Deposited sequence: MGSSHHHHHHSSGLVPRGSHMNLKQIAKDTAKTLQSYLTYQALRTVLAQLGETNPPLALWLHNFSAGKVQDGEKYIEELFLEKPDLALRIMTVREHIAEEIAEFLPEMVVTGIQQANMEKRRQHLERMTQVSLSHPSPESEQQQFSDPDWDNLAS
């Protein structure tokens, strides 16, 4: 169990997923503002490890890459502080749904 490699890989996976989220937000925002570019961006994007995506966008439309950069970072800065509790308590509760499900099934059988 390489706890330090797991953390690295998790952080990476999260940066990439938030770039993804930054990508749909701007897609939306550009659906209402400049639908020709919005379609282009829809068109451009399919396939994204978040860093490789942005690097590719930067060559085509720099100002557009900057904007994904701004959003992914504004999103991260807003949600980050909640991640630990959500995930630790989320796993703990979900761990517990399963044991309680198993106990009901067990109790439904034995007591019927």
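Asker: Just jot down which stretches of the deposited chain sequence have no CA coordinates, in the order they come.
Answerer: Model skips 1-20, 68-69, 135-155 of the deposited chain.
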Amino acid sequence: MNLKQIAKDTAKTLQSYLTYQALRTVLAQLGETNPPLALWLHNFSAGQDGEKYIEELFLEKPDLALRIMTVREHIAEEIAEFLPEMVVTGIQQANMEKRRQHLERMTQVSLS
From here on, numbers count along this sequence of modelled residues.
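Asker: Which has higher Cα B-factors on average according to the PDB entry: 27-35 or 74-82?
Answerer: Higher of the two, by average CA B-factor, is 27-35.
Asker: Looking at the entry, does 99-107 or 12-20 show the higher mean C-alpha B-factor?
Answerer: Mean C-alpha B-factor is greater for 99-107.
Asker: Specify which of 87, 66, 59, 41 carries the largest Cα B factor in the deposited PDB entry.
Answerer: Comparing C-alpha B-factors across 87, 66, 59, 41, the maximum falls on 41.
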